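The chain that follows stands alone, in the form deposited in one PDB entry, written as structure tokens.
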């Protein structure tokens, strides 16, 4: 694991021996790519570089096979051949055949590690909101009052915590009646004494959540969990369920989950205990 280095042909800068087969495994750290460039190339020329050749293998494909005698036509650089790969590993192989008629001096080449911009180079952004690239990695950041989930990728608001124990109460989505936040998971816990069940009361007009997709699946969802029984998911304009919902349990979890896009008014419900 290195940041740079050189690769010289056997007996460089003098003639390379015949019947040789040397290999180099290049490895830079993760989050880095590799820039490989040749500053010297003096190898026996042949069709498809059959006899003598230097070979470059990156990842799973062959990047190049080099032979012949070529110099730098640009006076401002000694580079005659270069390669740029987005992988942290690279392979160089040099083969010389049985005999060398002329004076061939082989090759000199150098490699340096290059940073990957995970924020732009990747096909799909690794952050829900903002991506911050640095050298050897990247990190995700969130807008004000948003917080980074345990995956260090998704941002959401803090809309959990309070446990409800009162025999009657009122619960509403964040920022009600202004639009609710995105990419968040809100959790409300209602805990009544054993003799009572939790009854939820939701007015039809007090409920506006993003509509479900064409398949009928809710992207943002409101769900009531009572032990084994589940109520919902609920979606759409207007509460789909009944006005009075008997959960038949003294313990209820209300989980409102949102995705990254599409926010509407939200909801407001009331709960009350009922003797059993």
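Residue numbers count along the first chain shown, from 1.
Below, we refer to the form solved in complex with a partner chain, which is not included among the displayed structures.
Chemist: Of 251, 211, 223, 45, which residue is found within 4.5 angstroms of the partner chain in the entry with it bound when only non-hydrogen atoms are counted?
Modeler: Of the listed residues, the single hit is 45.
Chemist: Have a look at 162, 115, 205, 97 for me and say which one sits with a heavy atom within 4.5 Å of the partner chain in the entry with it bound.
Modeler: So the residue touching the partner chain in the entry with it bound, by this definition, is 97.
Chemist: Is residue 231 near the partner chain? Define near as a heavy atom within 4.5 Å, in the entry with it bound.
Modeler: Contact with the partner chain, no.
Chemist: Please check if residue 51 has a heavy atom lying within 4.5 Å of any heavy atom of the partner chain in the entry with it bound.
Modeler: Output for residue 51 is yes: heavy atoms within 4.5 Å of the partner chain.
Chemist: Please run the contact check for residue 151 against the partner chain in the entry with it bound: heavy atoms, 4.5 angstroms, yes or no?
Modeler: It does not: once the partner chain is placed as it appears in the entry with it bound, residue 151 has no heavy atom within 4.5 Å of it.
Chemist: Taking the shortest heavy atom distance, is residue 193 within 4.5 Å of the partner chain in the entry with it bound?
Modeler: No, residue 193 is distant from the partner.
Chemist: Based on heavy atom distances of 4.5 Å or less, which listed stretch (75 to 83, 181 to 189, 115 to 123, 98 to 106) is in contact with the partner chain in the entry with it bound?
Modeler: Among the candidates, contact is made by 98 to 106.
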